[PDB]
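A.B. asks: sequence, then structure. It's an experimental one.
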Amino acid sequence: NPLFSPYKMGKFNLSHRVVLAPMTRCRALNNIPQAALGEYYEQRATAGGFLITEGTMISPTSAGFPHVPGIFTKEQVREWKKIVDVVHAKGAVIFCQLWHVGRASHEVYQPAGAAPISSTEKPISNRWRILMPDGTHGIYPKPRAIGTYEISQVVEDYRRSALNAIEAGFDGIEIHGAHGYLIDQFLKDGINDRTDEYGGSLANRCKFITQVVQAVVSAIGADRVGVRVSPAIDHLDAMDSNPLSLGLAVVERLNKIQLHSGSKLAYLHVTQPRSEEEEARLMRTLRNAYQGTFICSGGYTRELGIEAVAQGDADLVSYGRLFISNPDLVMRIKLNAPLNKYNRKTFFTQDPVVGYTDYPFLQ
Ligand SMILES: Cc1cc2nc3c(=O)[nH]c(=O)nc-3n(C[C@H](O)[C@H](O)[C@H](O)COP(=O)(O)O)c2cc1C
Ligand SMILES: COCCOC(=O)/C(=N\O)C(C)=O
């Protein structure tokens with residue numbers, strides 16, 4: 001089973017290739033990591049296994065879900081340290097995903113009820129609805145298009161949050177540049193209509209992600225930085241006219257950051273949408289173009305994960321939904337044991353136990 005061959009992710013020695021994908025679960029009440037998160041990640045941690053946290057706020061304006069953790073205050077850093085310690089006690093490696101939602105927010109999630117920020121004033125269309133704190137669904141509002149000074153402040157928010165993650169003991173961070181959130185709102189020409197130096201050309205649309213990655217690399221070192229993108233996922237009205245070219249442009253800029261820094265990033269992490277042959281070709285083209293470690297995600301199974309590693313399509317495979325309901329997913333994949341079903345109704349509820357830590361281990 002090639003999923004259980006070791007892998008050197010830079011300075012981290014992984015014992016197997018099964019990764020916990022980042023998943024928002026909304027149990028971090030008031031944006032403060034809670035003890036329940038420690039139990040949840042501890043259940044899924046394995047010796048030499050790699051975990052990526054739920055998306056984590058970089059600033060008071062970065063959220064678009066209820067009760068998601070932040071890492072921009074010292075109180076948040078203190079509580080994260082307790083969780084990181086219990087994960088490290090099991091021998092796992094853990095990265096904190098840094099997440100700004102941009103226009104994918106609502107007045108209820110913003111300080112003083114202000115408008116969310118974005119590359120443009122275009123809202124997500126009414127085809128999509130936002131989960132509200134009371135469990136109903138609301139309307140995405142028109143965002144405020146930020147100028148270049150404010151862009152530089154957001155870059156600094158990523159940098160400070162990366163330093164805070166290291167202070168909490170995280171092994172590294174992942175930049176969430178996928179799924180139609182803030183970075184993707186600059187990348188995708190279906191959203192970014194700017195006429196300044198951050199819009200127009202493919203090069204200009206890639207400027208923001210380049211500056212973010214450069215800032216965190218300078219702060220904590222390239223080998224502690226992963227980058228997640230999704231050029232071919234259209235979530236929240238985030239489409240590009242040429243997804244493969246957009247993806248290769250991002251890959252080119254990551255390759256150049258590495259040469260400039262004299263070090264490789266921890267990895268490139270790409271979601272696929274789920275013809276199948278074309279979509280796999282898109283993924284393999286990005287993998288082949290990138291000088292480093294490649295993590296694939298999106299609809300993977302035991303069989304598909306084994307085939308991805310064996311055929312050289314990916315170095316690591318991340319699993320989301322099956323890790324929700326199978327705390328021992330790594331062991332079950334190793335043994336080819338039957339998997340437990342997941343309950344979508346409790347993906348984003350606030351209960352510290354129900355649908356969170358009460359999925360059973362293998363019987
Ligand atoms: C409940 C839930 C929350 C998610 N939250 C995030 C997130 O915070 N950050 C992120 O990059 N992806 C997020 N995603 C996507 C997952 O990381 C992953 O790509 C996806 O679940 C992989 O597909 P799979 O569930 O078929 O394994 C989330 C997915 C789910 C189901
Ligand atoms: C198209 O698949 C959905 C992609 O968006 C996500 O997975 C996500 N965060 O990135 C959440 C919080 O749901």
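C.D. replies: Cool, got the structure. Numbers count the residues shown, from 1 in each chain. Ligands and ions are numbered 1, 2, ... in the order given.
A.B. asks: quick one: residue 303 from ligand 2, how far?
C.D. replies: 22 Å (Cβ to the nearest ligand atom, to the nearest Å). Where you see a C-beta, it was placed from the backbone N, CA and C, and this is true even at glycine.
A.B. asks: secondary structure class for the residue lying closest to residue 99 once chain neighbours are set aside?
C.D. replies: Leaving aside its sequence neighbours, residue 99 sits nearest to residue 55 (Cβ to Cβ, 6 or more residues apart in numbering; 3.0 Å). Classification of residue 55 using DSSP: H, G, I helix; E, B strand; the rest coil returns strand.
A.B. asks: name the nearest residue to residue 92, sequence neighbours excluded.
C.D. replies: Closest to residue 92 by Cβ to Cβ, 6+ apart is residue 45, at 3.8 Å.
A.B. asks: need the contact list for that neighbour.
C.D. replies: The contact partners of residue 45, by Cβ atoms under 8 Å, 6 or more residues apart in numbering, come to 51, 86-87, 90-92, 94.
A.B. asks: what about the strands in the stretch 51-200 of the chain?
C.D. replies: 93-99, 117-118, 130-131, 137-138, 144-145, 172-177 (DSSP state E, counting those that start in this stretch).
A.B. asks: chain center to the first one, what's the gap?
C.D. replies: Once both centres are worked out by Cα atoms, centre = their mean, to the nearest Å, strand 93-99 turns out to sit 8 Å from its chain's centre.
A.B. asks: roughly how far out does stretch 118-127 sit from the chain middle?
C.D. replies: Counting by Cα atoms, centre = their mean, stretch 118-127 comes out at 21 Å from the chain centroid.
A.B. asks: output that stretch as PDB, nothing but the C-alphas.
C.D. replies: Extracted C-alpha coordinates of stretch 118-127, given in PDB (Å, rounded to 0.1, in the frame of the first residue of the first chain):
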ATOM      1  CA  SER A 118     -13.100  42.100  -1.700                       C
ATOM      2  CA  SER A 119     -11.200  42.900  -5.000                       C
ATOM      3  CA  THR A 120     -14.400  44.400  -6.500                       C
ATOM      4  CA  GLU A 121     -17.900  45.600  -5.500                       C
ATOM      5  CA  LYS A 122     -19.500  42.500  -7.100                       C
ATOM      6  CA  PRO A 123     -21.400  40.300  -4.700                       C
ATOM      7  CA  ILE A 124     -21.900  36.600  -4.800                       C
ATOM      8  CA  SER A 125     -25.100  36.000  -6.700                       C
ATOM      9  CA  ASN A 126     -28.400  34.800  -5.100                       C
ATOM     10  CA  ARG A 127     -27.700  31.300  -6.400                       C
END
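A.B. asks: got the contact list for that stretch?
C.D. replies: Contacts for stretch 118-127 (Cβ under 8 Å, 6+ apart): 102-104, 139-146, 180, 182, 185-186, 191-194, 198-199, 208, 236-237.
A.B. asks: buried ones among these?
C.D. replies: Among the contacts of stretch 118-127, the ones that count as buried by 16 or more other Cβ atoms under 10 Å are 102-104, 140-141, 143, 145-146, 180, 182, 185-186, 191-192, 194, 198-199, 208, 236-237.
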